[PDB]
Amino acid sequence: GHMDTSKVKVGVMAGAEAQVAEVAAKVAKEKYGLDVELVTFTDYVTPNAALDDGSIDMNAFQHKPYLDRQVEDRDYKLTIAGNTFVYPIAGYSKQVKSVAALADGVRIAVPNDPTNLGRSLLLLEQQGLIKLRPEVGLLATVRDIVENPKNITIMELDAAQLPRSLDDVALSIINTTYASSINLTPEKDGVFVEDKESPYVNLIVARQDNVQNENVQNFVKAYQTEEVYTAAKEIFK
């Protein structure tokens, strides 16, 4: 028009997650008269940078381990505003339906950022594919492997490249953020799935100096409404 409405920029991930954010934005307008503008991203390392730089007022795409790690490596100054959902990561495959009877020497693809790499290795261990040292935490790496019976080779790739990895490796642990973009769900296609209970619940994060504002708080509330939840269930099969 000739003048625009006052809006708040929320950063989210393209695809399934943006669809969920769309409903939240819908609920935010009806309940709080909060006009929201979704800003979709395709890479995990961008959202916090945008938030910190002032390009967006908040984002919804990460879990605490990831945020803490990124704040430590770049010094962003952010504060958690509220929890969203948990997306139990899963291992998928266009070749096998089970982990037992996985040929020896196979390649297994996993994300390469530190917190999701560690998460994947922990998950593999739960499958009995490998064993990690006793004191390893949430940041395990290949240097922490103390047992590898099937002689597996861990291929670390950028999270957004894991979908396409299914065509080159025996099995890939993919964030639902991307697995959904190729119509895969843990419940329907997962060879194995991470437990619901874990430290990976997603969050709505804002800057340290704006987290108190009702704009941030209200969006958080809208995202936790029954409506959005219902829409989310649908969106993820």
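For every residue, the number given is its place in the sequence shown, counted from 1.
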Greater mean Cα temperature factor according to the PDB record, 85-93 or 136-144: 136-144
Residue stretch of maximal mean CA temperature factor, 205-213 vs 29-37: 29-37
Residue, from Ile80, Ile108, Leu102, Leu122, that the PDB entry assigns the highest Cα B-factor: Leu102
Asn183 - Cα temperature factor, lowest/middle/highest third of chain: highest
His63, C-alpha B-factor rank within chain (lowest, middle or highest third): lowest
Chain-wide C-alpha B factor ranking for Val169, given as lowest, middle or highest third: highest
Ranked against its chain, the third holding the CA B-factor of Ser98: highest
Entry-reported Cα temperature factor of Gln126, expressed as the chain third it lands in: highest
